[PDB]
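The structure appears below as structure tokens.
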Amino acid sequence: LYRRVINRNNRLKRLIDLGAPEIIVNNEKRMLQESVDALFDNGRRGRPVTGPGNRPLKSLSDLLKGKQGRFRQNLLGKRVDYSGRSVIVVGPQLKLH
Amino acid sequence: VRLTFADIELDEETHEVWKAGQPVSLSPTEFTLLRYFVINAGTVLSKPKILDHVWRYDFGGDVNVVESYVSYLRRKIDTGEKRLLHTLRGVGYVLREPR
Amino acid sequence: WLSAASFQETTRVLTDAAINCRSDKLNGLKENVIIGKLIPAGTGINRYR
Amino acid sequence: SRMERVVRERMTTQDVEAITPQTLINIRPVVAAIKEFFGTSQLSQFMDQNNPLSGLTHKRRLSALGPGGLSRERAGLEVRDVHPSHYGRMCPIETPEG
Amino acid sequence: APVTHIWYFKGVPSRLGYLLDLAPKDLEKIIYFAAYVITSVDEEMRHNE
Amino acid sequence: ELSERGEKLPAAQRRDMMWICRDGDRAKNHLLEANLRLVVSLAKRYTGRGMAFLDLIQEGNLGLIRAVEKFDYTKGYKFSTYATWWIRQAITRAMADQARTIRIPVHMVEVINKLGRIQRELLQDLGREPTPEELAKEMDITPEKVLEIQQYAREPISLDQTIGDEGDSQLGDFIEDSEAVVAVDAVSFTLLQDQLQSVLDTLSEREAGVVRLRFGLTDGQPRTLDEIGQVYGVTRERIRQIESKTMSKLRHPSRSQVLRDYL
Amino acid sequence: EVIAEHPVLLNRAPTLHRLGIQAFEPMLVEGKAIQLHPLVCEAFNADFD
Amino acid sequence: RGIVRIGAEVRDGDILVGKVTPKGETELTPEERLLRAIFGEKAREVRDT
Amino acid sequence: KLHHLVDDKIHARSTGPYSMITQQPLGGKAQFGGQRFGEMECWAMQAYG
DNA sequence: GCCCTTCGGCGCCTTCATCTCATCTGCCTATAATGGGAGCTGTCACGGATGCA
DNA sequence: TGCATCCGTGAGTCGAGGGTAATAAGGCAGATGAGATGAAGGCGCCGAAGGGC
Ligand SMILES: [Mg+2]
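Chains E, W, G, H, F, Y, V, Z and U, in that order, give the protein sequences. In terms of the deposited numbering, the first sequence opens at residue 343 and continues consecutively. In terms of the deposited numbering, the second sequence opens at residue 149 and continues consecutively. In terms of the deposited numbering, the third sequence opens at residue 1220 and continues consecutively. In terms of the deposited numbering, the fourth sequence opens at residue 394 and continues consecutively. In terms of the deposited numbering, the fifth sequence opens at residue 99 and continues consecutively. In terms of the deposited numbering, the sixth sequence opens at residue 265 and continues consecutively. In terms of the deposited numbering, the seventh sequence opens at residue 489 and continues consecutively. In terms of the deposited numbering, the eighth sequence opens at residue 787 and continues consecutively. In terms of the deposited numbering, the ninth sequence opens at residue 1032 and continues consecutively.
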């Protein structure tokens, strides 16, 4: 997405400096707006910007939303060290503590 | 225990070389470079880690010294323009019999 | 805003807080859990800490 | 379909009587499509074989998820139920508990 | 060239539309180059002319 | 010519001249806007790889913008015939240096494209995948370079695509951070430093300082002998001798066993 | 020697109520199965399937 | 040849194949230099992954 | 006998590797793992005080 | 029995120029070539703009 | 002022399970940093030995 933003911005700079009919300049400005759109929130407007494998790309907003977002996946609950896991078996000879 | 490669041969005791059976006298540090080349035969050599291991870490000189030293190795044993001591651009050198 | 943004409708509350220039106090339970501070309950209050 | 598109593109760009089916044909998309299907597709999965029954039951199994199917989130309560037409066609007992 | 933040233009309330007294249907037509707006007018230059 | 080394422009040589300037401007714009249809028609065959459709259309628009300037009507051919070459050039150049996440120079994206075309043309004629040695024979170059270009053309993958058959996790969850501190070798290094300090303090202070600044322990830089002489008022041969004394006493098995274990 | 009176926490997903995490004291046991006291199963909602 | 003999017992942590990669270069610690100076150990220019 | 043997089901770690973006330890048996302490268990630990 | 102080000897060790070998960037090719491939959408409930009428 | 009409939110917990693809692109000039060369200076190290107190 950042590469798309950079490409659109550089091409718009070239169009402005060279001097082009206003239709092409307007099209480039629209592409810049849609590229920043995709960067900040992919799929919010129109069909989402898609890469290889035909899957929506993960914009900044998608990195802060839902279960898989940072807030409820890395901040609230984290994978911890000094821990393990195993099957349980009844211990009827053990004490309560 | 003598270390051999193609037509160059080294004795670890008295620090001399045979090139295709002909004994050759060579400089000490230049000999250390050749020792690195044979001890890592078939593996590419880059100027930096060559500087790191063979040379002291206090070396404040430029980078032309290693290129010149490779030139001496060429003119001493691999006098041919094409040589067993191939050079990689930006990646350094390597000891390898050409295919 | 930090607690609300981590519960539901993250983008909406985030935008609203950005507009309102809301200054969070970082005093609640979830905020202290997020930032690594002692939670303000149990052995986290100044009476016991 | 990709074959037809590419051959339709190519049949005009070349002059008549200088064009042959071999140069009209570029078999790359067909093998690409079969490789796409057989690998990295969730309807053709790794064989579950740790005893003869698992191998037998992995084939002759009716799935509902995948391309053209419905996802578990997309799946309602009605579809998961047993239809009266399931009798004799699809077993009403064998289904995973997850 | 300037661009508009989607978080504020597009949302359940269109915050930019609320501030500028417009509609999102009457904003997408502009920040996506489909219809013009009148940035400013000369009042006295029209009253006398 | 009239602005610098000119004169005050008269009535008939300023307004009319600027008017024909603007007329040529709008004529160029008119034909350009008329011929963007050719650009958008040509860009259809070019999508499906690297960049999007509209980006290709825009790059073709730039190519046509460049082409209209060099178009010569006096040569008497239709403008489309000349414009097509420039549009294709612009699109190919842009796809070469802009459609890759890892940018590749055109000079060798050319040979990737040629390698691909020759291998897939020979595959159908021979019936099998072309061995890279035979591809090199078709290259008139060494096969090793062929494997190198084959492994260069490989494009990066996405860290966030779901990796499982069922959607539960992303690829980035399974990649270890190499740059992170081990948190075990750090304590080992600190204890090794403590052992080194104890060993050096066991040795004589002059020798300890000599070796410490010889290998640059306390500071960032190891120093040559003459620095040691200037800081201890001795000749460089004496420093060589004391260094000989240092590693001679350091071969003592009392230190040798206690330090060799630390590996 | 080192497990002398060192408390250790046990948890079972899902952790519904507060008693879903309990601190016990561990005793070394052969095998590879954690031995749970039979009484605290109901609080854990744990079962041995 | 560098691999485990057929019919040989291994366990967690034992080496299976001896594959050695050129380590390239890194910061050779001064402490490493004193370490090789005490035993005469070679630089061992390759990484044992 | 079912294919849920305890040998392929016991896992524990003291200090393993960590992820790139966030420094949290990874998860799974192929990697050294580390159990997920989710927000549901955070609820229990906060309720304990 | 070796320190204080020597000429010089090529070596050697750098260092200044000073030449080539890939490697990469910009430019030109003239019959004509003139408007998207494809996308499959529809869970459940629930608060709110919304285009018109 | 309705009022359908839609449009954006919510929808679980740990564990099997790793990666899938097109196309007309080619000479040519310049430049540029890396690496190939050759030459000359500032000690090294000795090859001699001075010598005596
Ligand atoms: Mg159970």
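The C-beta atom is built at its ideal place from N, Cα and C for all residues, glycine as well.
Span of the beta strand (DSSP E) holding residue i?
i                 : result
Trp349 (chain Y)  : Element bounds for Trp349 (chain Y): not the beta strand (DSSP E) but the alpha helix (DSSP H), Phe343 to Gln362.
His1042 (chain U) : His1042 to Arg1044
What are the start and end residues of the alpha helix (DSSP H) that includes residue i?
i                 : result
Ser508 (chain Y)  : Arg500 to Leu514
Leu306 (chain Y)  : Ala275 to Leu306
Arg144 (chain F)  : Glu141 to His145
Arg223 (chain W)  : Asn212 to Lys224
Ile1258 (chain G) : Run containing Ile1258 (chain G): none; DSSP gives neither H nor E here.
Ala1223 (chain G) : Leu1221 to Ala1224
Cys529 (chain V)  : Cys529 to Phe532
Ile420 (chain H)  : Taken as a continuous stretch (DSSP letters only), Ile420 (chain H) belongs to no alpha helix (DSSP H), as it is neither H nor E.
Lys401 (chain Y)  : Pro396 to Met403
Since residue i sits in a beta bridge, which residues does DSSP pair it with?
i                : result
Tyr241 (chain W) : W:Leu193 and W:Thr235
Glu157 (chain W) : W:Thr152 and W:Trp166
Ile430 (chain E) : V:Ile522
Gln510 (chain V) : V:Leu498
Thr426 (chain Y) : Y:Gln434
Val522 (chain Y) : Partner(s): none; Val522 (chain Y) has no beta bridge.
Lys420 (chain E) : U:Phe1068
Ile789 (chain Z) : Z:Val803
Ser425 (chain E) : U:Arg1044
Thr392 (chain E) : E:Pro398
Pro171 (chain W) : W:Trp166
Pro100 (chain F) : In DSSP, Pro100 (chain F) forms no bridge with anything.
Which chain W residues are close to residue i, counting only those with a beta carbon under 7 Å from its beta carbon?
i                : result
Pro486 (chain Y) : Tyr205 and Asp206
Decide if residue i is buried, meaning its Cβ has at least 16 other Cβ atoms within 10 Å, or exposed.
i                     : result
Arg515 (chain Y)      : exposed
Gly324 (chain Y)      : buried
residue 535 (chain Y) : Residue 535 (chain Y) cannot be examined here, being either before or after the span of chain Y that is shown, 265 to 527.
residue 224 (chain Y) : Lying before the first or after the last residue shown, residue 224 (chain Y) is absent from chain Y, which here runs from 265 to 527.
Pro1056 (chain U)     : buried
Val303 (chain Y)      : buried
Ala450 (chain Y)      : exposed
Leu449 (chain H)      : exposed
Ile348 (chain E)      : exposed
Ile413 (chain Y)      : buried
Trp1074 (chain U)     : buried
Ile358 (chain E)      : exposed
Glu370 (chain E)      : buried
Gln375 (chain E)      : buried
Given that residue i touches chain Z, what residues does it touch there, using C-beta distances under 9 Å?
i                : result
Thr191 (chain W) : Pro808, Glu831 and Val832
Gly480 (chain Y) : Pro816
Is residue i a contact residue of ligand 1, with contact defined as CB to any heavy atom under 6 Å?
i                 : result
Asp1038 (chain U) : no
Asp424 (chain Y)  : no
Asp537 (chain V)  : yes
Counting only Cβ pairs nearer than 7 Å, list the residues of chain F close to residue i.
i                 : result
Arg1231 (chain G) : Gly109 and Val110
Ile1238 (chain G) : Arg113
Given the structure, does residue i come close to ligand 3, in the sense that its CB is under 6 Å from one of the ligand's heavy atoms?
i                : result
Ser468 (chain Y) : This structure does not include ligand 3; its bound ligands are ligand 1.
Name the chain V residues whose beta carbon is nearer than 8 Å to that of residue i?
i                : result
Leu438 (chain E) : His525, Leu527 and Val528
Which residues in chain G sit within 9 Å of residue i, going by Cβ to Cβ distance?
i                : result
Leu406 (chain E) : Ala1224, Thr1229, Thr1230 and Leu1233
Using a Cβ cut-off of 7 Å, pull out every chain V residue sitting near residue i, in sequence order please.
i                : result
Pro434 (chain E) : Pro526
So with CB distances below 8 Å, who are the chain U contacts of residue i?
i                : result
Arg372 (chain E) : Within chain U, no residue comes near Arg372 (chain E); the closest Cβ sits about 32 Å away, beyond 8 Å.
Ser425 (chain E) : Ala1043, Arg1044, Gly1065, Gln1066 and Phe1068
List the residues of chain E whose Cβ lies closer than 9 Å to the Cβ of residue i, in chain order.
i                : result
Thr137 (chain F) : Chain E residues near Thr137 (chain F): none, gap ~16 Å exceeds 9 Å.
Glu518 (chain V) : Those within 9 Å of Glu518 (chain V) in chain E number zero; the least Cβ separation is about 11 Å.
Show which residues of chain F have a CB atom less than 9 Å away from the CB atom of residue i.
i                : result
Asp359 (chain E) : Ordered by position in chain F, no residue passes the 9 Å Cβ test against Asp359 (chain E), which lies about 13 Å from the chain.
Which residues of chain E have a Cβ atom closer than 7 Å to the Cβ of residue i, listed in chain order?
i                : result
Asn325 (chain Y) : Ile366
Could you work out which residues of chain F lie near residue i, taking near to mean beta carbons separated by less than 8 Å?
i                : result
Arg397 (chain E) : Neighbours of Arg397 (chain E) on chain F: none; closest Cβ ~20 Å, over 8 Å.
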